[PDB]
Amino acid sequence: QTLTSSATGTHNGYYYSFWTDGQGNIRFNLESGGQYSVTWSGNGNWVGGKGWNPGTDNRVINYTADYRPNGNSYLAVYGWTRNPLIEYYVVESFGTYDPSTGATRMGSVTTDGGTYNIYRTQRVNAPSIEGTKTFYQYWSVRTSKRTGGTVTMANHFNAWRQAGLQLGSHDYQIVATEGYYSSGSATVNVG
């Protein structure tokens, strides 16, 4: 089950979302259980992974990953909420670009053996799950990169809410790999 374009659905009990601007080279493959593999290069812009839809406030995610990025890429729990429309990330690892660069810091949270700095950014009239919109992005960036473990979402959501970052009704929630003008490979297994 190799994807040929942006796509969503459920595979082996896991929701999957793959978004690509169609550029560069990329092969996103759905695999057994909560696993997926992706190999990419060139000048593409994409993000995809497996998880759940809808996400929940208290989900405890367990994942493993063989992550090998080259350039701007992220390995992170990724999801959205509506009313308010929010795109969020729990960045476990990343490449050459720290997504919080120049972002407004909103404190930090210690969870699952790691420490994460919290940030908020804004996207103006950009693609979203509701079409072209202007929305906030919430980030939890681990101070030390890792590619596997447990992520207790309640600790991230509550840290954000307490810092004044409101969350809406949950849309999808996945363990994603993302890249922008980067290259590399990754095999991620959720659960």
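The first residue of the shown sequence is 1; numbering continues from there.
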item	value
Entry-level comparison of average CA B-factors, 116 to 124 and 98 to 106, reporting the higher stretch	98 to 106
Residue stretch of maximal mean CA temperature factor, 155 to 163 vs 62 to 70	62 to 70
Residue selected from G33, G55, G148, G48 by maximal Cα B factor	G148
Where the record places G179 (Cα B-factor, split into thirds across the chain)	middle
Position of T4 among the chain's modelled residues by C-alpha B-factor, lowest, middle or highest third	middle
Chain third (lowest, middle, highest) by recorded CA B-factor, residue given as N43	highest
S144 - which third its CA temperature factor falls in, relative to the rest of the chain	highest
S37 - Cα temperature factor, lowest/middle/highest third of chain	middle
